[PDB]
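Structure, as structure tokens:
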Amino acid sequence: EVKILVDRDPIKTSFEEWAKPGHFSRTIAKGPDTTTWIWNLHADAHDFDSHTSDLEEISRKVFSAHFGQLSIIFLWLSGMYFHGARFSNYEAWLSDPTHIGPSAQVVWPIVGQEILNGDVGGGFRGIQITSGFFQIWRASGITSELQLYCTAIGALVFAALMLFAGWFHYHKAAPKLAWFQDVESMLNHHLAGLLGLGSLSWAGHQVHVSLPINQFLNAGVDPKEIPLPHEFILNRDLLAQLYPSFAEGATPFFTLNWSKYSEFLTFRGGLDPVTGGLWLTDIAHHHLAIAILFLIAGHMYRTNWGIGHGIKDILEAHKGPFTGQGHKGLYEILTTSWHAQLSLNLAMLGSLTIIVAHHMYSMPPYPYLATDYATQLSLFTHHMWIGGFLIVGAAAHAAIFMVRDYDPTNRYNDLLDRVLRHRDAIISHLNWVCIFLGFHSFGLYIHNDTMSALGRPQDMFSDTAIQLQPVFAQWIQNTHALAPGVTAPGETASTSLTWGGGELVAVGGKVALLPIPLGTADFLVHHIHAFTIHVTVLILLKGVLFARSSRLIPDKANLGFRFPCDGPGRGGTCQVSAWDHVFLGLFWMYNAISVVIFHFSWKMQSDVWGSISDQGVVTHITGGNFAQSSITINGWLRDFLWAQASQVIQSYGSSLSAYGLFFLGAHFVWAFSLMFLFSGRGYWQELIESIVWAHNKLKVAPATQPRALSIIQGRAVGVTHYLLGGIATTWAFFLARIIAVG
Amino acid sequence: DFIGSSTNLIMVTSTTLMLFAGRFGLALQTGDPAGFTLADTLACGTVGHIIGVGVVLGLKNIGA
Amino acid sequence: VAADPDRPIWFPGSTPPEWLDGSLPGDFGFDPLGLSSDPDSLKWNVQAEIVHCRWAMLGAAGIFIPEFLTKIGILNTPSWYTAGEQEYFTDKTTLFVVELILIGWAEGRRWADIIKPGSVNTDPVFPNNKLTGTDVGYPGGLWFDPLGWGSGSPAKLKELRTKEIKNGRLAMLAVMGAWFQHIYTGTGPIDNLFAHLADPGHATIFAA
Amino acid sequence: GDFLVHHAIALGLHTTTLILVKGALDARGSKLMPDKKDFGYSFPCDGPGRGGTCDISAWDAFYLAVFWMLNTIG
Amino acid sequence: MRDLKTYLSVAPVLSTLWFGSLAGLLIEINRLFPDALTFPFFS
Amino acid sequence: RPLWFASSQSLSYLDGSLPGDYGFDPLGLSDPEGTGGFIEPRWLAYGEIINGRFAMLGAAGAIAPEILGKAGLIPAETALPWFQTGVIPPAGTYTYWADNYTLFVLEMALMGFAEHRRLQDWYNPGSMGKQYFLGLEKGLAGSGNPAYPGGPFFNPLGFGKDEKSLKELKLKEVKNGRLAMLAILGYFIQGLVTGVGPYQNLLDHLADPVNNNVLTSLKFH
Ligand code: CLA
Ligand code: CLA
Ligand code: CLA
Ligand code: CLA
Ligand code: CLA
Ligand code: CLA
Ligand SMILES: CC(/C=C/C=C(C)/C=C/[C@@]12O[C@]1(C)C[C@@H](O)CC2(C)C)=C\C=C\C=C(C)\C=C\C=C(C)\C=C\[C@@]12O[C@]1(C)C[C@@H](O)CC2(C)C
Ligand SMILES: CC1=C(/C=C/C(C)=C/C=C/C(C)=C/C=C/C=C(C)/C=C/C=C(C)/C=C/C2=C(C)CCCC2(C)C)C(C)(C)CCC1
Ligand SMILES: CC1=C(C/C=C(\C)CCC[C@H](C)CCC[C@H](C)CCCC(C)C)C(=O)c2ccccc2C1=O
């Protein structure tokens, strides 16, 4: 059934098409009559569904494009590991990681920018990075710079291999459509073979290399004194001196006597109190169990043999009573459309990035991550933003499916039809609950603000005036703190210490994630988060559902996914397109993730992070001013924005001065974006035609006719400059704030 | 694995139980009167190993 | 410039490219990247090969002969690598300017000879003098070809010109070998040769 | 600083003036919309045809000039 | 190749080549001649 | 023809034309539907034969320092197993007449000549005989097939005088070669778990087969 259907030499390797730009499209492969052409050359560059009509060439194009992306990421990791090897203080950071700033970038002394090379620590002048690569490397048992250079060279090798792979799998031997459509084998392999064997091999590294090395690094051993990792593979006596279960080898394994493996495959949940990260002993067992699970999960789908679930046979089996035929047809609209799959995988990968952000602060998995408050904050914020962007792109590509790849005649689905038929009910109830949440989450902030301004602090919604305690979250918190016991024995402690009954993991002078107390401010801000998420889903789901038709435009699909409008008629029908809906959902994702990372930064700096002296008195970075000031907007303006932006603006003449520079610059780029979002094309075309008169007066009339940006392009430029500016403002503000007071 | 013990006997019994459930009333081509392929016996023995390890460690932790 | 469809090529079994017909003096079909796919690009790269070859042959001689007649045929030469650090009767930036002014003259005549095939054959001072060279890159004049060997049958001329660039190609390789040797290895090239001939095994590029 | 902010002020005045003068002189029409006098001073647009005509009216010149005016007076 | 040079002459590739060369020029000038506010030659 | 674990997909294209076929293609890499690149039935059979010949040379040479190294014919220092000879300096390096890496460059140069000429007979078999190679290009023709040149430098004394004899000889070839490939895999896994030579792994089994098997030696080193 499944096979390796692949055809040779379909496309010629030649620069002939490089010389002819815009070759991929018909209207673009004839010349730039205008300047918009170049914007259409980049816009449609990766719109392979519009270049061709057959799915075979599209699948080959995106396959080799994924290979290019993997080449890029291998080259990026090459850069990171190399810069760690040569331009870093990692060899010194291992000695005193609680006081040396992790730095992996040095600037060139030319124009005074050598101030950026600051006193990170370790006898090294550079930039205090906030990526957490140093923490990984301590978790990977690197203990050198040679290993990092070798890793960089190997990553460069794999980058070149992936580049050759894309070239081979497009130009030399490109797979045909029967190969991609065999999703059964693809899932069987990516579950068991990528995620199963990948987690298994990382468990092997974690058992053989990370665990024995971190058993010494945490035990006051200098990295120069540690035995090399391969010495544990060659000499098992040195490995057994700390974990004697290796003296028996795999006889405990194959005889199912796993009870004599707990020296290195543990379940003692919680954070290693010597470094603040999770127990690597638990992470080895984790990735091992995940290997078992993905290995049994990747033998689920029939590929060639009589066993396995045909995914058609799973989907067609589910047919609801008043839900109609049910999931029949979905295997044909997911295997004959890349955009549907792209949307699904984007949505899940984005929510997974967010879950990563959430589980990487509350269960610090790397050593000296929780105490590197810059790394923790930056990683949470990063992955939150990536998740929001991926979800918003999932919306865009659901819409693109609905416009292009949706065919109720051939590739019919029942549930999608049922969703389209009461789409007004969906959007009406979402448009209601967004207003309800908006009111009962932000009008509460307004109420607190007014009551505090009228001198009525006894009337706010605070932890002192009117109790809005998260009773449900408090119950989950208290039962997860008292989870070690009847419900989860053999764990020795809670799976995390972000719950009230937990304890404080004092690492050096720092505090590293004691319990998080949930009060009225957490209720208010969590409902603000639900609000912003619900409005984003309103906008995006509305764009997806009404991508094809509305009461306003019933032929919206014929106009396309990415179109500005259908004229000033009907009172005006700007931004009816799903592209414009996702362009608005970008702003709302921005507001959502911005208030999310603000909640994170403030709740952490006030209720979690800080410094605990040897007497035991923990003093937080702000001073616990979240539950009292995060109930009103003036606190976010005063105690969070105004106050914590006293280290990014005062950082002029310091090592953190590029942060204030990009603070002002990202401010600027955001505001500059407002020139695009607010304005319209017609003014700029008329202005351009005036200055084109000024040029034609001097025989400087360019043949590529100067055209103002297309409307959808003005909206794209506006949203990208707006997001870049707000996000770089926040990035600079967070990084300078959290590196300065640290 | 020190054959004749409880873990080994339990494992062999579970593996043979799953192989029997496969050969007679299911749950690498025609080489058996019942159409039992190499992949079918591989599958049945692997899930037999799964249940065997599960029940072995479940008797170890509580009981045996 | 007669084609040879069945000439021996760099990679036997391969099909040499269309733009290498066999006409050139020493074209074994070695152009995988296609850096001479164009006709004029080929005509330029030919003279580039010729002059890199000739400069590299003069370089290989002035490296190894002063390094061969110094280690055994005893003389006193400082080196080939650190000869730029040594001092002479002129400042280091001065004689660089002088040899630039003097070499740029000839190289401008060469530029003219390449752009316009026959333009610089008359001596501008004494127009009775001449260079009897029809082929670009091979000026058959007295100062270059006084012994009359650069003329005759085009087949003998082709075998002689491929002899030339054959010596010149490994001269290029030898000069950059001396470069990479004096960098990786400390001592000079002929000393590297003697250390290789002492123990061919434990004397190579490898040291670990 | 007074020099630099006076030049910022000049930027603001010249730019607000640019927006307003351009709207006023292209109020009757331009090349993109030569019969703009027939649509009046305040009209939304002329449609997505001819590349797009968002904010083409002289009213919208006034609009974006109010933005630049607020900026300048700020 | 003629088409490779046609691509190298394209506006972005030639723009980044031109601005890399230019940026190296200004960079090496601001390293050899740093911290410059006034033109002192024939001042 | 015999069909040992032959899928219905497999025997559509495994029509007995290849030497030593038994229908065993459960995966289907030799399916001729498309299958460009290196995955193709012709290159796959060629690679089978070549890895088999090299594995025969391996399984003979990885243990010849032990089957007649313990018998006394060979000295003791030149009697190490396959993994202590110098191919893994982490496991052991014998000091040969040269450095361990100049010998690798020797391999690369010599086998580069040999194997690139083999490749250029694979692509177009009419070559290797049209180009002068120090006069010995006459017997490098590669008459009819790439895996079976039959030249006077590869088949000096005739064995394929009849296609029956040549077919049976190719069958014996591929069978001994597959056996040697399995042997090399056994060598690698045995030296990976036991860290001892393969002939010693045989002798520990022959002495007491019960406590010397894969079962009891599941613990490594
Ligand atoms: C280097 C050798 C080489 C050559 C000469 C070609 C030649 C060709 N390819 Mg192939 N290709 C190659 C390598 C090569 N390819 C590799 C390595 C891959 C894997 C990624 C592909 C994948 C591929 C696909 C999927 C497709 C082609 C196509 C084409 C044709 C048109 C390409 C074009 O005009 O866009 C030229 C484009 C560029 C020069 C730039 C592309 C971007 C590169 C890959 C990465 C950019 C990295 C950069 C750092 C990121 C930006 C950040 C920056 C701001 C810092 C042409 C025949 C197309 C075709 O034939 O369809 C009709 C097609 O669909 N190629
Ligand atoms: C798995 C991830 C993924 C994949 C494979 C795709 C793939 C695609 N998307 Mg989707 N998309 C994604 C994520 C993804 N996108 C995300 C995360 C979002 C949310 C914003 C979107 C939103 C989105 C929309 C709204 C649209 C697409 C479209 C497209 C298609 C064409 C895009 C194109 O040609 O632009 C080629 C590349 C460019 C034009 C460059 C973009 C320039 C960016 C914005 C630069 C600035 C960002 C940078 C990080 C900041 C540094 C600045 C510095 C350089 C100074 C293509 C099928 C379009 C489509 O299908 O049209 C019919 C379309 O309309 N996508
Ligand atoms: C602070 C600026 C701001 C405010 C207040 C709003 C307000 C709103 N937006 Mg808008 N929006 C904004 C900026 C803003 N937006 C920007 C900059 C963009 C650009 C992308 C958008 C894009 C946008 C879209 C695309 C969508 C919204 C939606 C919404 C609504 C959700 C909240 C709601 O109705 O709950 C209640 C109202 C509030 C929370 C607003 C504050 C009001 C306070 C609490 C009380 C007001 C006083 C009270 C009534 C007394 C009256 C006194 C009397 C004298 C008048 C609401 C109309 C969504 C919508 O319409 O569906 C729900 C939607 O789909 N907005
Ligand atoms: C100075 C450099 C140079 C240049 C410009 C040429 C130019 C030419 N050669 Mg010659 N050649 C050279 C050196 C050079 N050769 C050397 C040193 C060898 C021996 C290794 C050869 C062997 C050779 C053969 C066998 C043949 C040619 C042929 C040709 C022609 C077609 C190929 C082409 O477009 O080349 C253009 C070449 C370049 C533009 C130079 C490449 C520049 C890149 C950056 C090189 C980078 C990688 C390199 C390996 C690193 C050098 C390290 C070094 C220390 C080893 C053209 C006239 C063919 C022909 O028609 O003969 C007349 C032919 O059959 N050449
Ligand atoms: C437009 C506003 C503006 C102005 C006027 C300046 C002006 C200056 N900046 Mg500032 N700067 C600006 C914006 C501005 N900058 C912005 C936006 C940034 C952020 C990107 C910076 C960031 C910045 C830094 C970080 C630094 C400067 C520096 C400088 C000084 C550069 C002097 C120098 O090296 O030139 C020397 C001249 C050249 C590089 C040009 C050489 C041109 C070649 C040689 C051709 C000319 C010869 C030609 C053949 C003709 C000869 C005559 C004959 C043949 C006919 C100068 C005072 C540097 C400094 O020293 O500050 C005081 C410095 O360190 N600036
Ligand atoms: C996304 C990754 C990916 C995917 C899905 C494919 C898929 C495919 N490739 Mg491509 N390929 C890739 C990456 C990928 N390749 C890369 C990165 C390279 C460069 C190294 C190549 C080079 C390549 C060539 C040269 C050829 C293919 C071929 C094929 C096809 C058949 C392969 C097969 O049956 O397996 C067969 C697999 C084996 C026989 C095993 C190979 C043994 C190696 C040495 C180890 C593989 C394990 C891997 C490295 C992980 C271990 C890591 C290690 C450190 C432990 C199929 C269309 C062939 C084809 O039919 O043309 C399309 C073909 O000729 N590919
Ligand atoms: C000119 C030259 C050397 C000149 C040396 C001189 C003057 C030396 C002078 C001195 O020593 C003396 C006398 C005395 C010393 O005291 C001082 C100095 C001053 C040091 C070397 C060129 C050296 C040039 C070299 C090594 C060129 C190598 C090119 C290669 C390998 C090309 C490969 C390809 O281009 C093809 C052929 C075809 C394509 O399709 C594919 C690829 C693969 C790209
Ligand atoms: C998310 C992401 C990231 C990261 C990632 C990572 C880090 C991952 C990892 C992953 C992994 C870590 C993976 C792994 C994989 C693996 C594999 C894929 C393997 C394979 C193997 C094999 C296949 C083998 C086989 C064998 C052997 C040898 C043994 C026995 C026999 C057999 C044959 C079975 C980043 C940040 C960059 C960006 C974004 C995205
Ligand atoms: C400013 C603006 C424009 C005009 C924006 C223009 C066309 C961008 C300015 C020209 C760009 C910067 C290209 C010029 C640079 C070229 C690459 C040429 C190179 C020249 C040197 C710099 C190398 C719109 O078309 C528009 C449309 C809809 C809503 C809002 C707006 C909007 O706000």
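Lettering and numbering for the structure tokens are positional, with chains as A, B, ... in the shown order, residues counted from 1 in each chain, and ligands counted from 1 in the shown order.
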Problem set entry | Selection within 10 Å of ligand 8 by only C-alpha atoms and all ligand atoms, output as a list in words | residues 70, 72, 73, 74, 76, 77, 189, 190, 192, 193, 194, 195, 196, 197, 198, 199, 200, 201, 202, 203, 205, 349, 353, 383 and 386 of chain A; 189 of chain F
Problem set entry | Test item, alpha helix (DSSP H) assignment across chain D, answer as a PyMOL selection string | chain D and resi 2-25+58-73
For this session: Please report as a VMD selection string which residues of chain A come no farther than 7 Å from chain F, using only C-alpha atoms.
Result: chain A and resid 3 to 8 173 248 to 251
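For residue 60 of chain B, the non-local neighbours within 10 Å, defined as residues at least 5 positions apart in the same chain or in other chains and counting only C-alpha atoms, are residues 256, 257 and 259 of chain A; 7, 54 and 55 of chain B.
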Exercise. What are the residues of chain A that have an atom within 12 Å of an atom of chain B, counting only C-alpha atoms, as an MDAnalysis selection string?
Worked result: chainID A and resid 250:259 292:293 295:296 299:300 302:308 489:490
With C-alpha atoms retained, could you export that selection as an mmCIF file, in the first residue's frame?
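Output (again-v5.cif):
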```cif
data_model
loop_
_atom_site.group_PDB
_atom_site.id
_atom_site.type_symbol
_atom_site.label_atom_id
_atom_site.label_comp_id
_atom_site.auth_asym_id
_atom_site.auth_seq_id
_atom_site.Cartn_x
_atom_site.Cartn_y
_atom_site.Cartn_z
ATOM 1 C CA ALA A 250 21.220 -4.275 31.560
ATOM 2 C CA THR A 251 20.478 -7.362 33.664
ATOM 3 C CA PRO A 252 18.267 -5.229 35.940
ATOM 4 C CA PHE A 253 16.625 -4.001 32.734
ATOM 5 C CA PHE A 254 15.980 -7.206 30.804
ATOM 6 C CA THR A 255 15.018 -9.171 33.940
ATOM 7 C CA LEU A 256 12.475 -6.436 34.824
ATOM 8 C CA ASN A 257 14.316 -5.774 38.104
ATOM 9 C CA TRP A 258 14.025 -2.035 37.534
ATOM 10 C CA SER A 259 13.805 -1.380 41.291
ATOM 11 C CA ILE A 292 8.272 3.959 25.417
ATOM 12 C CA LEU A 293 5.036 5.885 24.958
ATOM 13 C CA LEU A 295 7.254 3.987 20.445
ATOM 14 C CA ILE A 296 4.014 2.180 21.240
ATOM 15 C CA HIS A 299 2.741 1.463 15.777
ATOM 16 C CA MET A 300 -0.895 2.538 15.605
ATOM 17 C CA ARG A 302 -1.654 0.695 9.124
ATOM 18 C CA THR A 303 1.145 1.309 6.628
ATOM 19 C CA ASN A 304 1.679 -1.888 4.592
ATOM 20 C CA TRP A 305 0.714 -4.821 6.844
ATOM 21 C CA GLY A 306 -2.628 -6.108 8.064
ATOM 22 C CA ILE A 307 -2.271 -4.401 11.453
ATOM 23 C CA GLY A 308 -2.861 -0.766 12.313
ATOM 24 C CA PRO A 489 2.816 8.250 46.317
ATOM 25 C CA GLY A 490 6.412 7.451 45.512
#
```
For this session: Provide as a ChimeraX atom specification the residues of chain A at most 12 Å from chain C, counting only C-alpha atoms.
Result: /A:13-15
Could you write out that same residue set with C-alpha atoms as a PDB file, in the first residue's frame?
```pdb
ATOM      1  CA  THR A  13      19.419  22.933 -11.313  1.00  0.00           C
ATOM      2  CA  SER A  14      20.091  26.229 -13.077  1.00  0.00           C
ATOM      3  CA  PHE A  15      20.454  29.927 -12.358  1.00  0.00           C
TER       4      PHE A  15
END
```
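Take atom CA of residue 22 of chain C and atom CA of residue 3 of chain C: the distance between them is 4.4 Å.
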For this session: Name the residues in contact with residue 397 of chain A at a cut-off of 9 Å, using only C-alpha atoms, excluding same-chain residues fewer than 6 positions from it; report them as an MDAnalysis selection string.
Result: chainID A and resid 339:344 346 544
For this session: Could you report the residues within 6 Å of ligand 4, using only C-alpha atoms and all ligand atoms, as number ranges by chain?
Result: C: 10, 20, 24-31, 35-36, 42, 45-46, 48-49, 52, 169, 172-173, 176
For this session: Would you mind listing the residues within 8 Å of ligand 5, counting only C-alpha atoms and all ligand atoms, as a PyMOL selection string?
Result: (chain A and resi 110-113) or (chain E and resi 25-27+29-30+33-38)
For this session: Compile the contact shell of segment 32-48 of chain D as a count of residues only: residues with an atom at most 12 Å away, counting only C-alpha atoms, same-chain residues fewer than 2 positions apart removed.
Result: 53
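For ligand 3, the neighbouring protein, DNA and RNA residues, which are those within 6 Å when only C-alpha atoms and all ligand atoms are counted, are residues 431, 434, 435, 436, 438, 439, 442, 443, 535, 538, 539, 584 and 587 of chain A.
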Print the selection's residues with N, CA, C and O atoms to a file, as a compact mmCIF listing (two decimals), in the first residue's frame.
```
# COMPACT_ATOMS: atom_id res chain seq x y z
N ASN A 431 -18.99 36.92 20.53
CA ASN A 431 -19.05 38.37 20.62
C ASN A 431 -19.73 38.82 21.90
O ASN A 431 -19.46 39.92 22.38
N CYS A 434 -17.10 37.84 24.91
CA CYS A 434 -16.01 38.80 24.89
C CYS A 434 -16.41 40.09 25.59
O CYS A 434 -15.62 40.66 26.34
N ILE A 435 -17.64 40.56 25.37
CA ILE A 435 -18.08 41.79 26.01
C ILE A 435 -18.26 41.56 27.50
O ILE A 435 -17.91 42.41 28.32
N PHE A 436 -18.82 40.41 27.86
CA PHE A 436 -19.00 40.06 29.26
C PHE A 436 -17.67 40.02 29.98
O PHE A 436 -17.53 40.55 31.09
N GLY A 438 -14.71 41.36 28.93
CA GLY A 438 -14.21 42.71 28.89
C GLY A 438 -14.72 43.52 30.05
O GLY A 438 -13.93 44.08 30.81
N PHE A 439 -16.04 43.55 30.23
CA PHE A 439 -16.62 44.26 31.36
C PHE A 439 -16.11 43.69 32.67
O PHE A 439 -15.34 44.34 33.38
N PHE A 442 -11.98 44.02 32.96
CA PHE A 442 -11.32 45.31 32.85
C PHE A 442 -12.11 46.44 33.50
O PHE A 442 -11.52 47.33 34.10
N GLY A 443 -13.44 46.44 33.37
CA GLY A 443 -14.23 47.37 34.15
C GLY A 443 -14.05 47.19 35.63
O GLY A 443 -14.27 48.12 36.39
N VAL A 535 -11.34 37.38 22.60
CA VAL A 535 -11.49 38.36 21.53
C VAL A 535 -10.63 37.97 20.33
O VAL A 535 -11.03 38.14 19.18
N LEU A 538 -12.51 35.35 18.68
CA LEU A 538 -13.63 35.97 17.98
C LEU A 538 -13.19 36.43 16.60
O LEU A 538 -13.75 36.02 15.58
N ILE A 539 -12.17 37.28 16.57
CA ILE A 539 -11.72 37.88 15.33
C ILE A 539 -11.30 36.79 14.35
O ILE A 539 -11.72 36.77 13.18
N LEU A 584 -6.09 41.95 12.30
CA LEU A 584 -6.58 42.51 13.56
C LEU A 584 -6.30 41.59 14.74
O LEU A 584 -5.95 42.04 15.85
N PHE A 587 -3.01 42.20 16.39
CA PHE A 587 -3.01 43.22 17.43
C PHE A 587 -3.60 42.69 18.72
O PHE A 587 -3.12 43.01 19.82
```
For this session: Please provide as an MDAnalysis selection string all residues within 10 Å of segment 130-144 of chain F, with the sequence filter that same-chain residues fewer than 2 positions apart are discarded (counting only C-alpha atoms).
Result: (chainID C and resid 6:9 11:13) or (chainID F and resid 117:118 121:122 125:128 146:156)
Can you build me a table of chain E residues sitting at most 10 Å from ligand 9, with the closest atom pair per residue and its distance in Å to one decimal, using only C-alpha atoms and all ligand atoms, sorted by chain and residue number, as a Markdown table?
```
| residue | atom | partner | partner_atom_place_in_ligand_line | distance |
| --- | --- | --- | --- | --- |
| E:11 | CA | ligand 9 | 17 (C) | 8.0 |
| E:12 | CA | ligand 9 | 17 (C) | 8.1 |
| E:15 | CA | ligand 9 | 23 (C) | 6.8 |
| E:16 | CA | ligand 9 | 23 (C) | 9.6 |
| E:18 | CA | ligand 9 | 23 (C) | 9.5 |
| E:19 | CA | ligand 9 | 23 (C) | 8.9 |
```
How about saving the chosen residues, N, CA and C atoms kept, as a PDB file, in the first residue's frame?
```pdb
ATOM      1  N   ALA E  11      18.706  43.777  -7.814  1.00  0.00           N
ATOM      2  CA  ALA E  11      18.712  44.909  -6.893  1.00  0.00           C
ATOM      3  C   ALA E  11      19.046  44.541  -5.453  1.00  0.00           C
ATOM      4  N   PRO E  12      18.498  43.481  -4.852  1.00  0.00           N
ATOM      5  CA  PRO E  12      18.881  43.178  -3.464  1.00  0.00           C
ATOM      6  C   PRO E  12      20.282  42.621  -3.318  1.00  0.00           C
ATOM      7  N   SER E  15      22.510  45.400  -3.896  1.00  0.00           N
ATOM      8  CA  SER E  15      22.360  46.363  -2.812  1.00  0.00           C
ATOM      9  C   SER E  15      23.125  45.918  -1.577  1.00  0.00           C
ATOM     10  N   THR E  16      23.030  44.638  -1.218  1.00  0.00           N
ATOM     11  CA  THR E  16      23.757  44.170  -0.047  1.00  0.00           C
ATOM     12  C   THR E  16      25.252  44.110  -0.316  1.00  0.00           C
ATOM     13  N   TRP E  18      26.828  46.254  -2.325  1.00  0.00           N
ATOM     14  CA  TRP E  18      27.233  47.650  -2.316  1.00  0.00           C
ATOM     15  C   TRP E  18      27.274  48.200  -0.904  1.00  0.00           C
ATOM     16  N   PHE E  19      26.276  47.871  -0.090  1.00  0.00           N
ATOM     17  CA  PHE E  19      26.227  48.384   1.265  1.00  0.00           C
ATOM     18  C   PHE E  19      27.147  47.633   2.205  1.00  0.00           C
TER      19      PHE E  19
END
```
Counting only C-alpha atoms and all ligand atoms, name the residues that have an atom within 7 Å of an atom of ligand 1; the answer should be given as a PDB file with C-alpha atoms, in the first residue's frame.
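The resulting result_25.pdb:
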```pdb
ATOM      1  CA  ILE A  11      13.493  20.175 -12.299  1.00  0.00           C
ATOM      2  CA  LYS A  12      16.854  21.354 -13.626  1.00  0.00           C
ATOM      3  CA  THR A  13      19.419  22.933 -11.313  1.00  0.00           C
ATOM      4  CA  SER A  14      20.091  26.229 -13.077  1.00  0.00           C
ATOM      5  CA  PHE A  15      20.454  29.927 -12.358  1.00  0.00           C
ATOM      6  CA  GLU A  16      18.303  30.658 -15.430  1.00  0.00           C
ATOM      7  CA  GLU A  17      15.244  31.218 -13.235  1.00  0.00           C
ATOM      8  CA  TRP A  18      17.256  33.215 -10.691  1.00  0.00           C
ATOM      9  CA  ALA A  19      17.959  35.688 -13.495  1.00  0.00           C
ATOM     10  CA  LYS A  20      14.237  35.932 -14.321  1.00  0.00           C
ATOM     11  CA  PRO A  21      12.597  37.131 -11.076  1.00  0.00           C
ATOM     12  CA  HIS A  23       9.158  33.265 -12.635  1.00  0.00           C
ATOM     13  CA  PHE A  24       6.859  31.319 -10.305  1.00  0.00           C
ATOM     14  CA  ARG A  60       7.862  18.942  -3.173  1.00  0.00           C
ATOM     15  CA  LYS A  61       8.332  22.700  -2.841  1.00  0.00           C
ATOM     16  CA  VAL A  62       7.302  22.782   0.800  1.00  0.00           C
ATOM     17  CA  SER A  64      12.505  21.163   0.280  1.00  0.00           C
ATOM     18  CA  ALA A  65      11.562  24.466   1.910  1.00  0.00           C
ATOM     19  CA  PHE A  67      14.781  21.299   4.464  1.00  0.00           C
ATOM     20  CA  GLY A  68      15.974  24.862   3.952  1.00  0.00           C
ATOM     21  CA  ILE A  72      18.836  27.491   8.715  1.00  0.00           C
ATOM     22  CA  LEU A 163      20.600  21.927   2.080  1.00  0.00           C
ATOM     23  CA  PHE A 164      21.745  19.062  -0.136  1.00  0.00           C
ATOM     24  CA  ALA A 165      18.625  17.192   0.960  1.00  0.00           C
ATOM     25  CA  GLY A 166      16.307  19.954  -0.194  1.00  0.00           C
ATOM     26  CA  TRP A 167      18.181  20.162  -3.485  1.00  0.00           C
ATOM     27  CA  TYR A 170      13.278  18.888  -5.365  1.00  0.00           C
ATOM     28  CA  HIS A 171      15.691  18.831  -8.312  1.00  0.00           C
TER      29      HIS A 171
END
```
